[PDB]
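Heads up: the structure comes next, in structure tokens.
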2 protein chains.
Amino acid sequence: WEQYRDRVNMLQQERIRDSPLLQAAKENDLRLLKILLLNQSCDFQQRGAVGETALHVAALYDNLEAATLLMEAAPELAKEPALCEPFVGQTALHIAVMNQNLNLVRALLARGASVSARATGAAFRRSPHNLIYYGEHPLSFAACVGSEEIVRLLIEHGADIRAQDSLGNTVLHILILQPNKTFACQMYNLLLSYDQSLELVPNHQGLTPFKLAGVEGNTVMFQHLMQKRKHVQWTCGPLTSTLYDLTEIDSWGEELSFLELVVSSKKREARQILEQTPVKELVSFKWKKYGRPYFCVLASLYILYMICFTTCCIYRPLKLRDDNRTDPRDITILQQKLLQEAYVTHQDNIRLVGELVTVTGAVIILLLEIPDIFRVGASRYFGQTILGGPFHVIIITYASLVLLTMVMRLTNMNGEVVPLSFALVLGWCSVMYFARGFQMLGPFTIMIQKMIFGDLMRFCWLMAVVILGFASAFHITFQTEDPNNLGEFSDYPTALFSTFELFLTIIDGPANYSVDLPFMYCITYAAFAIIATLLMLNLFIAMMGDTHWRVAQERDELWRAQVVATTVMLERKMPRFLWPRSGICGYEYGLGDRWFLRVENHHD
Amino acid sequence: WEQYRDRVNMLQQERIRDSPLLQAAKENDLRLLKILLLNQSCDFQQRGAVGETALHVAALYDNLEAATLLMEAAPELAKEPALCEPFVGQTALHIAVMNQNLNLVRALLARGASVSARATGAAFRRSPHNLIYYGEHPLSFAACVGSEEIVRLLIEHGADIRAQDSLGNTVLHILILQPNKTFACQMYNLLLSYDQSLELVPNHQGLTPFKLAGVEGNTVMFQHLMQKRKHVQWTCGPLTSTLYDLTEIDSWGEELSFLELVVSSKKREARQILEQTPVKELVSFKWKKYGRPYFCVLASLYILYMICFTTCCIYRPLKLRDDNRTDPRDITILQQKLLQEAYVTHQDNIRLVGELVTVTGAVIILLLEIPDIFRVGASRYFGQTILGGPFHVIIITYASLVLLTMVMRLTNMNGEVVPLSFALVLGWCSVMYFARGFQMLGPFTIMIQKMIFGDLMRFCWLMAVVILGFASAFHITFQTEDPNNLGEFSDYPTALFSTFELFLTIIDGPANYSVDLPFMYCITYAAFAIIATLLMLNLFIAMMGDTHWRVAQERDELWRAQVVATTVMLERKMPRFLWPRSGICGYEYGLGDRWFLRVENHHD
Ligand SMILES: O=C(CCN1C(=O)COc2ccccc21)OCc1nc2scc(-c3ccccc3)c2c(=O)[nH]1
Ligand SMILES: O=C(CCN1C(=O)COc2ccccc21)OCc1nc2scc(-c3ccccc3)c2c(=O)[nH]1
Ligand SMILES: O=C(CCN1C(=O)COc2ccccc21)OCc1nc2scc(-c3ccccc3)c2c(=O)[nH]1
Ligand SMILES: O=C(CCN1C(=O)COc2ccccc21)OCc1nc2scc(-c3ccccc3)c2c(=O)[nH]1
């Protein structure tokens with residue numbers, strides 16, 4: 001997996017060190033190769049550890065004289081690849097075009113070497129363990145490393161300008177998946193100058209190279225790729241009216257659109273590629289004229305439905321408990337009424353109407369949530385903050401708990417408060433999803449969703465051991481006293497709860513001077529103060545101050561991505577008699593079935 | 001000590017000012033030296049204050065003509081050193097090679113001056129009072145100041161290329177203990193080119209120069225010294241596979257390893273030398289594959305043992321107190337049971353099993369802690385944060401208090417809560433030691449251990465005088481009233497405790513409107529509010545905010561050092577049938593008994 005790589009590389013190097021002809025080809029001798037070529041009894045096709053040919057070990061250490069003498073001694077060593085596991089289809093041409101010497105590649109092409117030999121192992125394969133991905137073909141190798149006089153020398157010998165390899169990619173996808181981009185823009189331009197030919201082709205995953213430029217986030221290759229579609233109109237003064245093309249920027253023929261494909265990626269450039277001009281102007285116009293006046297009425301309808309659920313939950317049926325309460329610590333003066341007395345009057349008919357509209361809202365929420373999560377994977381939909389993981393989780397939780405409340409009401413079971421309080425508090429804390437489209441409540445809900453999983457997760461794992469270590473001491477100091485004067489510290493769970501409440505200072509310190517408290521309680525409380533309340537509760541404020549100072553641009557760079565996410569979701573969901581196209585047409589203007597855009601510009 | 005240096009330097013300068021021949025040699029006269037050399041009655045071997053020879057005072061003020069005329073007048077003044085206290089074995093050759101003139105050194109070597117004269121005083125000695133440490137030999141002087149044409153001129157006269165001096169050092173250790181390093185890398189390279197010869201030699205303390213490079217933290221000399229062992233394998237494309245050597249980086253033959261020697265230093269570069277490549281890759285692999293799956297089960301076993309101790313401490317034997325409580329301020333309804341009624345049932349047998357496993361855990365903690373602190377000094381083990389001083393202190397305290405609890409239980413003494421509460425709260429606050437290997441709770445426990453000794457130590461020395469000055473005023477205002485309406489402010493210790501509680505606002509302000517409080521209490525409380533609660537308690541938050549802003553990189557530069565500390569500690573502690581080696585072997589690959597490492601790299 002990892003140590004197997006060292007296990008095979010040491011074996012290859014040990015075989016190279018042991019074999020004398022390969023050692024001479026490594027050291028670049030002349031008389032030793034001359035005597036081993038003159039003595040014809042020695043074998044020249046001998047293999048090392050991992051398919052190691054003498055031409056391979058010459059080209060790996062760049063021995064031009066040894067390679068030329070080897071091909072003029074026996075030229076039948078270029079068309080034979082390796083056969084072992086990490087380097088399956090490697091060739092001398094492959095390692096020569098990676099090592100970037102023109103003369104050895106010219107000598108190999110003069111000595112009859114094929115240019116369509118494929119390499120399918122663990123070396124040249126898209127995986128996070130290998131450092132580089134160059135492709136599985138010599139033209140992909142040359143155009144990916146960025147040479148200039150090897151690409152013509154290979155294409156004029158017919159080396160598959162439109163090639164295919166593992167995972168269905170091609171040379172344009174390989175040039176897009178690169179971190180240099182400045183000596184790769186010219187290479188992509190030259191290969192597009194050489195040749196549904198090569199741009200509109202999909203891979204095995206279904207990624208046209210424009211959508212791969214999207215999902216990988218290379219903004220400079222995107223900004224060059226836009227300039228092979230940009231129609232330019234007139235210019236006068238300092239202003240110019242460029243006319244872009246959006247027939248790839250929004251799909252409308254396939255459900256998988258470019259914008260839906262780029263708003264739900266997992267990298268750190270899918271929210272920076274949404275700042276270039278012909279996608280920013282488009283989603284700004286479409287958002288400001290089509291996303292606010294439906295999100296506002298959706299938020300109003302959700303808040304109206306939740307106030308119906310809150311009032312229907314308040315007006316709950318209750319009957320007086322006839323069994324007595326002969327216990328000094330028992331209080332229950334109302335009891336949950338039986339189901340057979342739930343239809344008695346007009347008020348109970350109104351409560352029935354409220355229960356019906358609550359159950360209808362719960363089932364339409366569940367049926368509007370489930371078939372969208374069956375398509376996108378659960379990780380991409382529950383994880384990210386651009387899409388709404390920690391709101392869809394509590395929405396599905398609210399729907400399942402309201403359904404369990406309705407079933408528990410119909411089966412005539414006691415204890416309705418146990419799911420009712422949870423369903424109500426989650427359904428009212430889930431209104432925060434409708435605080436995406438407003439720039440006031442925009443970055444603040446991102447800050448609180450970041451602050452919970454960033455600092456409260458770090459802080460409660462060190463609050464739990466302090467309250468769990470101090471509640472036991474408070475209980476041991478107060479298990480030899482009376483529970484008449486000090487109500488707290490009687491049993492262990494109320495001791496734990498009261499120690500946590502004294503930790504957050506929401507309750508007062510226990511004090512009663514009708515008795516005399518023990519010295520051990522007094523000294524451990526005077527230590528508990530300046531260990532757990534003066535220090536740690538005032539260090540939390542400084543830590544969430546510095547997180548707020550340092551993450552003061554991720555919220556402003558993530559809010560635009562989540563508002564484009566809501567625009568794309570509503571454009572896919574709501575019907576298309578109410579969601580028309582974007583941009584001008586081209587059928588009534590002498591162009592034909594290509595929707596355009598016309599963004600006015602101003603420089604100087 | 002310090003003023004003695006001024007006392008001897010003024011005496012030397014006064015003797016130079018008083019003696020006429022030395023004054024002429026200072027002023028660089030010609031006719032005065034000519035007449036004092038022609039008049040042969042004058043003595044030339046006369047000594048000043050601290051062994052002051054005329055050749056010494058010529059070479060100290062760089063008088064080439066005076067020195068040449070002195071050696072051509074009487075050449076018997078070069079082989080005689082000084083004899084007084086601060087400058088014992090100083091020579092004209094020593095001060096000439098420090099003053100860096102080639103001609104005077106050539107003249108002294110032509111006039112028969114020895115090159116192995118040693119200087120052992122208070123001047124040339126490793127101590128924090130002297131500014132520089134250059135060594136105790138002329139070759140150490142030349143190679144430490146960094147000359148180029150003096151080192152060959154001295155070594156070709158046989159001036160001890162492999163020398164020894166005080167504290168057992170040599171010239172490579174002297175070149176390592178230097179703050180220049182850029183004109184010292186070439187000097188170290190030239191001396192290693194000139195010559196178990198010189199690299200594998202130890203000093204008197206037991207420091208091979210590689211381990212001295214470690215313990216002194218000079219990263220550039222470390223990064224050059226690594227490149228005399230780095231074996232290079234093939235290269236192709238932009239990636240290269242260097243093959244380092246770890247036979248010095250981890251010892252395995254001596255208990256004192258390089259990594260244990262470098263993780264427990266007291267400087268500010270022992271945590272920066274742990275970022276270079278062939279130690280970072282090694283400890284990253286060894287930590288992620290061998291330190292987490294034993295630290296996790298160690299934390300689980302410690303938390304399980306502490307929950308056994310907490311439950312065994314809760315289930316404590318108690319007998320009802322038969323003596324009466326005829327006192328309006330006495331509450332004791334349960335009394336500690338006698339030892340003879342501690343084995344009565346199955347529950348008391350279970351409590352006995354809990355006491356036995358608690359005492360066994362305490363004695364294995366103490367026997368696992370003590371023989372490790374007997375070897376490393378108490379300062380290095382209790383002080384630093386990389387090693388765990390403020391956790392080993394509270395662990396030894398918990399073990400001694402649990403042993404004192406067991407002895408106090410067997411001797412049938414009352415008052416078990418007095419050590420039991422302390423032992424329980426320290427044993428539960430000591431779980432924080434197992435928050436080193438997790439990157440969530442990593443920097444936060446460093447922040448709280450820094451915040452206590454950095455700000456709470458500064459703050460409680462100015463909280464103590466405010467509460468000690470306000471509790472007395474609150475007592476004087478309320479010693480002429482009734483303790484029936486106001487429970488607080490009755491005697492002085494409860495007045496002090498209630499003033500501290502009102503300082504931290506955990507208790508409410510005393511108010512009772514069934515009576516009339518004095519005007520003096522009212523005005524001093526209205527001053528106590530906006531002097532001690534609005535201001536100082538809200539300045540503490542700002543101070544621990546700015547400490548958190550400024551020490552936001554020492555925690556991220558110290559956490560890696562303490563996780564390498566725990567890796568080295570577990571590698572030394574746990575047995576070696578479960579802790580195997582690191583890196584590949586070299587016996588089955590044609591190298592022989594040298595464990596290697598193979599780190600893959602990528603540039604361009
Ligand atoms: O209308 C919806 C949302 C469901 N709901 C309602 O009905 C009523 O009010 C709500 C209030 C709070 C929470 C949910 C609702 O459908 C599901 C849905 N929400 C989203 S948000 C971003 C995306 C997205 C877009 C493109 C790619 C990937 C993800 C997304 C999605 O794909 N589906
Ligand atoms: O609880 C804890 C620590 C324990 N731990 C949980 O409990 C939930 O699974 C976990 C998964 C991994 C690690 C720890 C835990 O402390 C921090 C903390 N993180 C969160 S995330 C959501 C909540 C939450 C808020 C209100 C009600 C219910 C849950 C939450 C929380 O209350 N605390
Ligand atoms: O296993 C140990 C630690 C002792 N303990 C346990 O047994 C049980 O759980 C514990 C929980 C909290 C505290 C202690 C324990 O031994 C002692 C020990 N701890 C350390 S931490 C770093 C070093 C170190 C490494 C290299 C050089 C210098 C110091 C170190 C050490 O040398 N000894
Ligand atoms: O106490 C003080 C000041 C008095 N002073 C001690 O008392 C301990 O020796 C000292 C040594 C030098 C200077 C002052 C003191 O204020 C600050 C302060 N520093 C610390 S360090 C550990 C604790 C601690 C925490 C909980 C229980 C027991 C001790 C601590 C503390 O409570 N306060």
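Order determines the names: the first chain of the structure tokens is A, the second B, and so forth; residues in each chain are numbered 1 upward, and ligands are numbered 1 upward as they are shown.
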
_Quick one: residues within 7 Å of residue 249 of chain A, only C-alpha atoms, excluding same-chain residues fewer than 4 positions away - as a list in words?_
residues 258, 259 and 279 of chain A

_What are the residues of chain A lining chain B at 6 Å or less? Count only C-alpha atoms, and put the answer as a ChimeraX atom specification._
/A:14,98-99,458,469,473,480-481,508-509,513,515-516,538,542

*Have a look at A:153, A:194, A:120, A:39 and name the one nearest to residue 106 of chain A; count only C-alpha atoms.*
A:153

_Expected selection as a PyMOL selection string for ligand 1 within 6 Å, only C-alpha atoms and all ligand atoms_ = chain A and resi 260+264+365+368-369+372+387-388+391-392+395+433+565-566+568-569

*Excluding segment 51-60 of chain B and residues on its chain fewer than 6 positions from it, collect all residues at most 9 Å away from it, counting only C-alpha atoms, and give them as an NGL selection string.*
:B and (12 or 15-16 or 21-23 or 25-26 or 28 or 44-45 or 66-67 or 70-71 or 77-78 or 80-84 or 87-88 or 90-93 or 95-96 or 99 or 104)

Keeping only N, CA and C atoms, write the selected residues as a CSV table (one decimal), in the first residue's frame.
```
chain,number,residue,atom,x,y,z
B,12,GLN,N,45.6,46.2,34.6
B,12,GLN,CA,46.5,46.0,33.4
B,12,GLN,C,46.7,47.2,32.6
B,15,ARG,N,49.1,49.5,34.5
B,15,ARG,CA,50.5,49.1,34.4
B,15,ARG,C,51.1,49.4,33.0
B,16,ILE,N,50.2,49.2,32.0
B,16,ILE,CA,50.6,49.6,30.6
B,16,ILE,C,50.9,51.1,30.5
B,21,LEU,N,58.5,51.2,28.3
B,21,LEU,CA,58.7,50.4,27.1
B,21,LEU,C,57.3,49.8,26.6
B,22,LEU,N,56.5,49.4,27.5
B,22,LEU,CA,55.1,49.0,27.1
B,22,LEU,C,54.3,50.2,26.5
B,23,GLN,N,54.5,51.4,27.1
B,23,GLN,CA,53.8,52.5,26.6
B,23,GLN,C,54.3,52.9,25.2
B,25,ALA,N,55.6,50.7,23.0
B,25,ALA,CA,55.0,49.6,22.2
B,25,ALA,C,53.5,49.8,21.9
B,26,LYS,N,52.8,50.5,22.9
B,26,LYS,CA,51.4,50.8,22.6
B,26,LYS,C,51.3,52.0,21.6
B,28,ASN,N,53.4,52.9,19.3
B,28,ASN,CA,54.1,52.6,18.0
B,28,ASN,C,55.1,53.6,17.7
B,44,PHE,N,64.0,43.2,29.1
B,44,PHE,CA,63.0,43.0,28.1
B,44,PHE,C,62.0,41.9,28.4
B,45,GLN,N,62.3,41.1,29.5
B,45,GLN,CA,61.3,40.0,29.9
B,45,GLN,C,60.4,40.5,31.0
B,66,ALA,N,56.8,47.2,15.7
B,66,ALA,CA,57.2,47.0,17.0
B,66,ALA,C,57.4,45.5,17.3
B,67,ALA,N,56.5,44.7,16.8
B,67,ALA,CA,56.7,43.2,17.1
B,67,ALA,C,57.9,42.6,16.4
B,70,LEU,N,61.0,43.8,18.1
B,70,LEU,CA,61.1,43.1,19.3
B,70,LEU,C,61.7,41.7,19.2
B,71,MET,N,61.2,41.0,18.1
B,71,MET,CA,61.7,39.6,17.9
B,71,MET,C,63.1,39.6,17.3
B,77,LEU,N,60.8,35.5,23.6
B,77,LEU,CA,59.6,36.0,24.3
B,77,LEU,C,58.3,35.4,23.7
B,78,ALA,N,58.4,34.5,22.8
B,78,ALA,CA,57.2,33.9,22.2
B,78,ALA,C,56.7,32.6,22.9
B,80,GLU,N,56.7,31.9,26.1
B,80,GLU,CA,56.4,32.1,27.5
B,80,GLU,C,55.0,32.7,27.7
B,81,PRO,N,54.1,31.9,28.3
B,81,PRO,CA,52.7,32.4,28.5
B,81,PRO,C,52.6,33.3,29.7
B,82,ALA,N,51.4,33.7,30.0
B,82,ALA,CA,51.1,34.5,31.2
B,82,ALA,C,50.9,33.6,32.4
B,83,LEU,N,50.7,34.1,33.6
B,83,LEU,CA,50.6,33.3,34.7
B,83,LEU,C,49.5,33.8,35.7
B,84,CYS,N,48.8,34.9,35.5
B,84,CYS,CA,47.8,35.4,36.5
B,84,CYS,C,46.4,34.8,36.1
B,87,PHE,N,43.6,35.4,32.6
B,87,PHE,CA,44.2,35.1,31.3
B,87,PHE,C,45.4,34.2,31.6
B,88,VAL,N,45.2,32.9,31.7
B,88,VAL,CA,46.3,32.1,32.2
B,88,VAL,C,47.2,31.7,31.1
B,90,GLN,N,47.5,32.5,27.9
B,90,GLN,CA,47.4,33.3,26.6
B,90,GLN,C,48.8,33.5,26.0
B,91,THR,N,48.8,33.5,24.7
B,91,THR,CA,50.1,33.7,24.0
B,91,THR,C,49.9,34.8,22.9
B,92,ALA,N,51.1,35.3,22.4
B,92,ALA,CA,51.1,36.2,21.3
B,92,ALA,C,50.5,35.6,20.1
B,93,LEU,N,50.7,34.3,19.9
B,93,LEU,CA,50.1,33.6,18.8
B,93,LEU,C,48.6,33.6,18.9
B,95,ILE,N,46.6,35.8,20.6
B,95,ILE,CA,46.0,37.1,20.3
B,95,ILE,C,46.2,37.5,18.9
B,96,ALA,N,47.3,37.1,18.2
B,96,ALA,CA,47.5,37.4,16.8
B,96,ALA,C,46.5,36.7,15.9
B,99,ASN,N,43.3,38.4,16.3
B,99,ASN,CA,43.3,39.8,15.7
B,99,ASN,C,43.3,39.7,14.2
B,104,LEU,N,51.9,38.8,11.0
B,104,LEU,CA,52.4,38.6,12.3
B,104,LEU,C,52.4,37.2,12.7
```

Counting only C-alpha atoms and all ligand atoms, give me one row per residue of chain A with an atom at most 12 Å from an atom of ligand 4, showing the shortest contact pair and its distance in Å to one decimal, sorted by chain then residue number, as CSV.
```
residue,atom,partner,partner_atom_place_in_ligand_line,distance
A:523,CA,ligand 4,27 (C),9.4
A:524,CA,ligand 4,27 (C),8.4
A:525,CA,ligand 4,27 (C),10.4
A:526,CA,ligand 4,27 (C),8.9
A:527,CA,ligand 4,26 (C),5.5
A:528,CA,ligand 4,26 (C),7.8
A:529,CA,ligand 4,26 (C),9.5
A:530,CA,ligand 4,32 (O),7.1
A:531,CA,ligand 4,26 (C),6.2
A:532,CA,ligand 4,26 (C),9.7
A:534,CA,ligand 4,32 (O),11.3
A:535,CA,ligand 4,25 (C),10.8
```

Emit the selected residues as a PDB file, in the first residue's frame, including N, CA, C and O atoms.
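Produced file selection28.pdb, reproduced below:
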```
ATOM      1  N   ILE A 523     -13.299  25.295  51.179  1.00  0.00           N
ATOM      2  CA  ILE A 523     -12.029  25.439  50.468  1.00  0.00           C
ATOM      3  C   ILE A 523     -12.128  24.890  49.041  1.00  0.00           C
ATOM      4  O   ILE A 523     -11.571  25.481  48.104  1.00  0.00           O
ATOM      5  N   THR A 524     -12.889  23.805  48.820  1.00  0.00           N
ATOM      6  CA  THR A 524     -12.991  23.330  47.447  1.00  0.00           C
ATOM      7  C   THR A 524     -13.905  24.202  46.601  1.00  0.00           C
ATOM      8  O   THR A 524     -13.712  24.265  45.387  1.00  0.00           O
ATOM      9  N   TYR A 525     -14.813  24.965  47.208  1.00  0.00           N
ATOM     10  CA  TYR A 525     -15.573  25.923  46.421  1.00  0.00           C
ATOM     11  C   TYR A 525     -14.742  27.158  46.101  1.00  0.00           C
ATOM     12  O   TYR A 525     -14.838  27.704  44.992  1.00  0.00           O
ATOM     13  N   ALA A 526     -13.904  27.601  47.046  1.00  0.00           N
ATOM     14  CA  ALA A 526     -13.011  28.721  46.760  1.00  0.00           C
ATOM     15  C   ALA A 526     -11.919  28.360  45.762  1.00  0.00           C
ATOM     16  O   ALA A 526     -11.316  29.263  45.177  1.00  0.00           O
ATOM     17  N   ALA A 527     -11.631  27.073  45.570  1.00  0.00           N
ATOM     18  CA  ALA A 527     -10.788  26.677  44.447  1.00  0.00           C
ATOM     19  C   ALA A 527     -11.572  26.508  43.153  1.00  0.00           C
ATOM     20  O   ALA A 527     -11.050  26.836  42.075  1.00  0.00           O
ATOM     21  N   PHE A 528     -12.812  26.014  43.245  1.00  0.00           N
ATOM     22  CA  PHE A 528     -13.662  25.843  42.071  1.00  0.00           C
ATOM     23  C   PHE A 528     -13.956  27.160  41.380  1.00  0.00           C
ATOM     24  O   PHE A 528     -14.044  27.193  40.150  1.00  0.00           O
ATOM     25  N   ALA A 529     -14.068  28.249  42.147  1.00  0.00           N
ATOM     26  CA  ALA A 529     -14.314  29.567  41.561  1.00  0.00           C
ATOM     27  C   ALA A 529     -13.186  29.985  40.618  1.00  0.00           C
ATOM     28  O   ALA A 529     -13.390  30.102  39.404  1.00  0.00           O
ATOM     29  N   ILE A 530     -11.971  30.136  41.143  1.00  0.00           N
ATOM     30  CA  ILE A 530     -10.868  30.668  40.348  1.00  0.00           C
ATOM     31  C   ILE A 530     -10.157  29.591  39.543  1.00  0.00           C
ATOM     32  O   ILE A 530      -9.082  29.844  38.995  1.00  0.00           O
ATOM     33  N   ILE A 531     -10.709  28.382  39.475  1.00  0.00           N
ATOM     34  CA  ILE A 531     -10.235  27.386  38.528  1.00  0.00           C
ATOM     35  C   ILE A 531     -11.222  27.167  37.387  1.00  0.00           C
ATOM     36  O   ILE A 531     -10.813  27.047  36.230  1.00  0.00           O
ATOM     37  N   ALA A 532     -12.523  27.194  37.661  1.00  0.00           N
ATOM     38  CA  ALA A 532     -13.488  26.802  36.657  1.00  0.00           C
ATOM     39  C   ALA A 532     -14.438  27.902  36.208  1.00  0.00           C
ATOM     40  O   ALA A 532     -15.175  27.686  35.243  1.00  0.00           O
ATOM     41  N   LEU A 534     -13.675  31.831  36.854  1.00  0.00           N
ATOM     42  CA  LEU A 534     -12.910  33.017  36.488  1.00  0.00           C
ATOM     43  C   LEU A 534     -12.019  32.759  35.284  1.00  0.00           C
ATOM     44  O   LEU A 534     -11.849  33.649  34.449  1.00  0.00           O
ATOM     45  N   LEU A 535     -11.472  31.550  35.152  1.00  0.00           N
ATOM     46  CA  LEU A 535     -10.461  31.293  34.130  1.00  0.00           C
ATOM     47  C   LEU A 535     -11.039  30.726  32.839  1.00  0.00           C
ATOM     48  O   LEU A 535     -10.869  31.324  31.773  1.00  0.00           O
TER      49      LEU A 535
END
```
